[PDB]
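Q: This one's a deposited entry, sequence included:
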Amino acid sequence: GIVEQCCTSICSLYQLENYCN
Amino acid sequence: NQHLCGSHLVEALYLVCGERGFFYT
Amino acid sequence: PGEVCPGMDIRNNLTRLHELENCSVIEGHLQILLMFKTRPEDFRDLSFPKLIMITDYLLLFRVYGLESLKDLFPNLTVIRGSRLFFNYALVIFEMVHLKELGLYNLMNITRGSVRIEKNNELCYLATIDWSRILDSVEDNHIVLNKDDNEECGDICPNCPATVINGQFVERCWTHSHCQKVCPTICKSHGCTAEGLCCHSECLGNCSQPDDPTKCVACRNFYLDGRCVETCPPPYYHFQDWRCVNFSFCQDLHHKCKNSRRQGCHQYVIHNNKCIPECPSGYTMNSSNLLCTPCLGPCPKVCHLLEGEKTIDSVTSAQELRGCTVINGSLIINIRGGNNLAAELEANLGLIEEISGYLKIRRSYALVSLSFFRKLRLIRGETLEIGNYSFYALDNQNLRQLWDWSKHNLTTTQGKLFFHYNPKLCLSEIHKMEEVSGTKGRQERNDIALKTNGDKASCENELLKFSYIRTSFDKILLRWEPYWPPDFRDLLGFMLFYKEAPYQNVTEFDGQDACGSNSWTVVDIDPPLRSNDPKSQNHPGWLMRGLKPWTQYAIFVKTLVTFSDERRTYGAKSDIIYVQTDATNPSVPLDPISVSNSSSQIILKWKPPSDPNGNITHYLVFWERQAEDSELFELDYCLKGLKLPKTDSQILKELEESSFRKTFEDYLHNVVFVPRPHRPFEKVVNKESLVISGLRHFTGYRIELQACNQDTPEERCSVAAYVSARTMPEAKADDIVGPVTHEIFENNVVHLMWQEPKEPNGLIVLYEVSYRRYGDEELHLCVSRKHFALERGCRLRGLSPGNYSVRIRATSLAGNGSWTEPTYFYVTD
Amino acid sequence: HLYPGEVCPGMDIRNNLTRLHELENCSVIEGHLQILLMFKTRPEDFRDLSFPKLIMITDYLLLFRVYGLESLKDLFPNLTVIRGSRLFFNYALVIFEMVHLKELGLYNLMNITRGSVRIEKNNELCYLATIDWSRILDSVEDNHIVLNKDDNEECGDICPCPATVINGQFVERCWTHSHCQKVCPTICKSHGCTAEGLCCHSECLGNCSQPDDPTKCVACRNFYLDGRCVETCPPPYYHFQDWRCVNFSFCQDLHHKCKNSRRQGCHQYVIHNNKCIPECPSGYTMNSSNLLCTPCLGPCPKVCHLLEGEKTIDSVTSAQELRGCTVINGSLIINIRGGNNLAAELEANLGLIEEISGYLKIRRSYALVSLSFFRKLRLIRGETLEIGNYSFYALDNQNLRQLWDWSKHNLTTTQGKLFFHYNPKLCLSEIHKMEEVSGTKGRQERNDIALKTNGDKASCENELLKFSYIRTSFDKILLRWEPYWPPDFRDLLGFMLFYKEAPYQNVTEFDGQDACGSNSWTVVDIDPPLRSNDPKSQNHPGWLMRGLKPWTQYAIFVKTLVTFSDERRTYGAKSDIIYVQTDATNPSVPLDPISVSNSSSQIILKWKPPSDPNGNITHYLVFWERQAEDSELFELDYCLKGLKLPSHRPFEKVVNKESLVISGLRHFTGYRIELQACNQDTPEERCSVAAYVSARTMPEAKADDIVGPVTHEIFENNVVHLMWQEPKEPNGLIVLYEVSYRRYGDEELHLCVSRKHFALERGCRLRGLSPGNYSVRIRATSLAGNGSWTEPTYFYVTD
DNA sequence: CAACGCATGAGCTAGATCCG
């Protein structure tokens, strides 16, 4: 759930780099 | 601002993924 | 006699008249009314033959079967009339079976007028001389009786008579008693049986002449079986007919300081008379019941009904009008009504102190308790059960208790209760215990943490205004953009503005209704966001409907939705005061101009409607308007002279914004998957001007200017135009010199004269009058054109002889004077 | 052919165009079809891509954030029906946040079977007000088309197409610039249609090749079998995905693939009741080899093993997965946000839930009306609980009205404690009958289920009060209702009475809302009945109304007002709304009376009906009276200063008119007329106060003119006598006679004579004129005007 | 025993089974 780990809290660029392969 | 939700989420995620492509099962 | 007894009020029974078994002077008012099931055989054995002087009035309103009054009140002598009924002292209205009035012994009704109506069997009304009974005769009202159509043979006995309106009728009350009269040498004291007059103090009958101890109605004051004009110390006047000591006026104050229901009249001592209440600017000292004057605001004093009084609406609040200090508890329950803007501040805007406990139970229409504007203390002598003194439930819209900057509350004892008040925030009931001081005498109060704050915010941030620009009529307002951390949540902004007289306006004041507001609420949609520190993202709004040189108040209020944890956000800017610029004013209204001499005009005008600044001065020009030259061509001797965002719309519009947030929150959740020229005058600060140095009877044109700023290259308005005239001089129309005659032979004569060297306006006609002394006169009108062509007048049709000739020149003002009788004579 | 292509499973297309090439010859997409997230795409290369043979898509179609699609008529020219077995947040077509869409272009779309369409957030889209959606998909209210370029009427919108009249206006409906849609005559509704209006076979949708042929149709309806359309396909075949029929060999071998569970999305398809259904339903088990369904020994439920311990029902995409399962081994939330109405589809898929082993939670749901779609709830077992030890739970449900119909429903919650908060249309009576039939009896909190915030915006009472006596007058109307007493004689603050105007009988019921408004019925408070200590007493309470208008209808109902208490009684009482009409009173004054004169006998007069008629006006009433002229106009000489120039009772009961003609009266005279309006007449005639007009007719021509020879008499003292006749009837009153005499060379010299001199001289005398022959010309002038002259007659003296 | 005579009608004196 991207809208619960990057909207209810801050998320690092190590975390949302997982979304692109 | 580092609080990435709303309409900015689909744009800010594109620039960090500009060539690899998105991922799906 | 007997003893004094208070006033009755009897209805529908007859058993209540037993309480006059011993009354003699019933102070108060006796009114017998509405007795229906009483036959005339019930009124035969009833008599009060010792009732002698009643003070207030009498009233007999629809008794049935009262045959005559001569057996109920056979010894009334004086009625006083301090308190009256429709300003009438004796009211006989709508009885039946009433044959004779028969109150054969009353002598001097002091103040009022008698009103006898519509009692269809009453005569012996025409033989009652009200000239010598009541002193003020012209307001009685005796209509629609039996004696509109005279049928009953009112013959009465041997009894004296007088005249009233030209008719020498006899005077009688009944068929066996006649009206007692006293001869005019001893006017009001009343006569004895043979015609001597009584003492100089008594009213009506006296038993023995020249003894003031034994007459039956004292006129001024009664004192201990004697009769006295002014009661000396140590006595005091009471109800202006009898005199008591200090001990007889003190004890009944304490004996009905407690009310059975009402009241008592709590007696004061003030300048030798026991009065019910002292006048304005005077207050009682409670020690010896003396009445002392005031300094500053005086207490009233307002006690209340049985310890608790409930206000439901304005009509419930009317009993507490002007009440300053309240000795008991109070409860407010307001729901609605009409025009709720300023009325709740009007009825209780001068309240000072409250001493029980205050309940804001079930109140919905209020927004704030700022209408206790002068309240300083809730000390709370009596306590609410639960050891409380301040209680509040069911406050769905209450938002602000009190302003702790411009106001200082205190309290001493008891506890507090704030439950189920959603809009009332939590930090404002944390802001009161520094001012009230319940952190002192420190106590555990009971306020729940979750019961407040719903549909409310208190962690607001502070918006700063960015740029301000004023024109003569418009102001722009752009400020810095506020975003909540989830920028979908901000629905829009809310701006508030109102005119302001000074720099003292508070933030939530005076609106205090259901669907009304003192401010002018205006909306503005939010701007867009582009993830850019510098961009076109500063919000804005243009305000148009302004006035010149006004001073306003403005602030910004956000409006956001709620995440599902009861965690709100928002912001609110400071209260900023903005002031406009100056434009040229408008014209000075309705100038008028009256003259008083031969060379003066005075002016009167008004200051303009919108001054648009401090008007420094005025400016006034006057120019001459010489003469209307087209008036030169009229023969004047022919005709004469030529000259709504409701609450349901708030919820459904906030639901639709939370519906569009929810779908595009779901769409991200499944598509991403992580990896495992003329002269002038200058008048200052005045509204008049006395012009001088003018020509007589020449119409001036006056232009007016109102000019507000002078020194930096002044500007001002369109001129207001008015016209004026000067009152002409009287001497300046007489013909100078003797009028010259020239005698031609063919009986046409030349009468030439010279025009006066300074006329008033124009000389329009000439009246020449030739007459033989002893013969008639024939008038001749000499026109302006004939005199201009001939330089005189050729008078045709003149028989020979001497003639007296009078010359005058009619101008636009009036007549001048005739000349000498112009004698052109030939010897007969 | 019918479906000439290959069946083709669902696809997702992302980041490129290379994955789009595997849709070359697909004809039906079971599964869904998405086109997502294409950024590096110029508009110039979508011109050479086309998918001709795509016909029907079963689940839905989602397009989101593509760049370079100007109009969809390059890609999808021929999709006729999208069917909607599996929806997407209760929408069956969603187009969300494209940047370069100009025209919709889906010009062949006929029937959306199940779902709705949501076209959202496009900064270039035009042609959305020209679609006529109500014929295409079979519901119309569930759509959502906002925030577009067609928020204003600014896209041009030219179209050269029936121009249907479904709404009240004559607007034209077209898809694109050069394609107009097909709505043909409505005899056969969805059975297909040709160009020239001939209706097709019954089992077809969309286009037709030839009419009435089940072999060469294009978009078939119920099932499909070997190029035909069969209503119910015979049992050499079984149904499959409710669009196919397929033989025995197909529904068996899919077991052998995913019995080796390489992915948990596959389903072992097992035959049951002529269907190839994935899981055989509750009360049935599969055998070992032969793959059918047999009746169970005892009960065997389909336990519906819920992942992660929670579920959040949002729409019919999430409430689709609990279809047919019976024992939920977790807990359910219910959170339906916004919504128009969702109680029509929630019953048929999650309404077979028997045992639930967690907690419920009904938070923030707006468009719920009743909790009745849960049908076979028996027991909330409740091995777990919420934070704060709860099992049932509610919040902020702004339209909840009913939990369950308690006459035929039983529910036993074993442990846990209730919770209720902010339900503004739910009474305490429906949750207290809940409290007695549930397994819990006295396990509450203090502060328990909230006693104040429930049911504030809806009034509801149980015991009824009837009326007993109603009396009516023209201004006052009187009420009397039979009494009522709660078990506590002090538990009564009194009553409250309501009365409002209503001109028709369709008045609403009392909402119970307090918003300081005009629909608060102008509440009049009633003092409580004083404690009588007597059964028959003066405590049969009533009231009297005072401020009434006559002849109107009022709506009255009465309600008590008791103190609520901790004990679960004294809900109050409330009567039903009735209607009473008052009688009439004297009407008002007739308004705006004008009198217009046209001739010497006709006078017309009009008015308006009064502002306050107070009843049906029966008739008006007009009286008139002849005023006579002033006697002070009879004895004055009228060529001095001043000359005049003005501008039983006969009645008629005028009925149903607004103007009135009066003919046949005297000329130039003045009449005072008065008119009244009047209500009911024959018993006790009651009319209003009058209204007065002064009227004057128009003059006549030949009244004051005199005919006949005037006669001149000669006296010796040269005072010449003249005789004529006064006119026998003038127009009002003859006021002066004007005699003039004339010679040759001079002008005419005239002479006054009035009525006194005419009477005392018997004609007119002439004093002192020159001898000869003078012509005489005589006029008469009245107060109306003048007359003509006479023949100029010669009177002559010789000297 | 079921409208009206032993009043008027929201103008300091009561309030519409308010009194027989």
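A: Sure thing, it's come through. Numbers count the residues shown, from 1 in each chain, chains lettered A, B, ... in the order given.
Q: What parts of chain A come near chain B?
A: Neighbours of chain B within chain A, by Cβ under 8 Å from any Cβ of the partner chain: A:2-3, A:6-7, A:10-11, A:13, A:16-17, A:19-21. C-beta: built from backbone N, CA, C; applies to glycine.
Q: Can you flag which of those belong to helices?
A: A:2-3 (DSSP state H).
Q: A PyMOL selection for the residues of chain A next to chain B, restricted to the buried ones, would help me check which they are.
A: Of those, the buried ones go into a single PyMOL selection, burial set by 16 or more other Cβ atoms under 10 Å in any protein chain shown:
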select buried, chain A and resi 2+3+6+7+11+16+19+20
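Q: now the strands for chain B?
A: Using DSSP state E, chain B contains no strands.
Q: How many neighbouring residues does the residue of it found nearest chain A have?
A: Using Cβ to the nearest Cβ, residue B:5 is the residue of chain B that sits closest to chain A, at 3.1 Å. When neighbours are counted by other Cβ atoms under 10 Å in any protein chain shown, residue B:5 registers 20.
Q: again with residue C:286
A: Neighbours of residue C:286 under the rule other Cβ under 10 Å: 7.
Q: what residues are up against it?
A: For residue C:286, the contact set (Cβ atoms under 8 Å, 6 or more residues apart in numbering or on different chains) is empty.
Q: ok, it to chain B distance?
A: Look at residue C:286 and chain B: by Cβ to the nearest Cβ, to the nearest Å, they are 70 Å apart.
Q: Also residue C:752?
A: Distance of residue C:752 to chain B, computed by Cβ to the nearest Cβ: 109 Å.
Q: Spit out the contact partners of the residue nearest to that residue when sequence neighbours are not counted.
A: Excluding the flanking residues, the one nearest residue C:752 by Cβ to Cβ, 6 or more residues apart in numbering or on different chains is residue C:792, at 3.1 Å. With Cβ under 8 Å, 6+ apart as the criterion, the residues that contact residue C:792 are C:740, C:742, C:750-753.
Q: With neighbour count and secondary structure as added columns, please give these in CSV.
A: Compiled in CSV, those are given as follows (neighbours: other Cβ atoms under 10 Å in any protein chain shown; DSSP: H, G, I helix; E, B strand; the rest coil):
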residue, neighbour count, secondary structure
C:740, 13, strand
C:742, 12, strand
C:750, 15, strand
C:751, 21, strand
C:752, 14, strand
C:753, 21, coil
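Q: Just give me the closest of these to residue C:182.
A: residue C:753 (85.9 Å; Cβ to Cβ).
Q: Tell me, how many residues neighbour the spatially closest residue to residue C:55 that is not a sequence neighbour?
A: Leaving aside its sequence neighbours, residue C:55 sits nearest to residue C:80 (Cβ to Cβ, 6+ apart; 4.3 Å). Residues near residue C:80, counting by other Cβ under 10 Å, number 24.
Q: Now do residue C:80 against residue C:241, distance only.
A: 7 Å (Cβ to Cβ, to the nearest Å).
Q: And residue C:270, by the same measure?
A: According to Cβ to Cβ, residue C:270 stands 18 Å off from residue C:241.
Q: Also residue B:18?
A: Residue B:18 sits at a distance of 111 Å from residue C:241 (criterion: Cβ to Cβ).
Q: Pick out whichever of those two has more residues nearby.
A: Per other Cβ under 10 Å, whichever of residue B:18 and residue C:241 has more neighbours is residue C:241, with 20 against 10.
Q: contacting residues for the more buried one?
A: Contact analysis of residue C:241 by Cβ under 8 Å, 6+ apart lists C:27, C:55, C:80, C:218, C:221-222.
Q: Please apply the same query to residue C:65.
A: Contact analysis of residue C:65 by Cβ under 8 Å, 6+ apart lists C:38-40, C:42-43, C:96-97.
Q: Next: residue C:363.
A: Contact analysis of residue C:363 by Cβ under 8 Å, 6+ apart lists C:332-335, C:394-395, C:398.
Q: try 7 Å this time
A: C:332-334, C:395 (Cβ atoms under 7 Å, 6 or more residues apart in numbering or on different chains).
Q: now do residue C:653
A: With Cβ under 7 Å, 6+ apart, residue C:653 has no contacts at all.
Q: does it sit in a helix or strand, and which one?
A: Assessed by DSSP states H and E, residue C:653 sits inside helix C:647-671.
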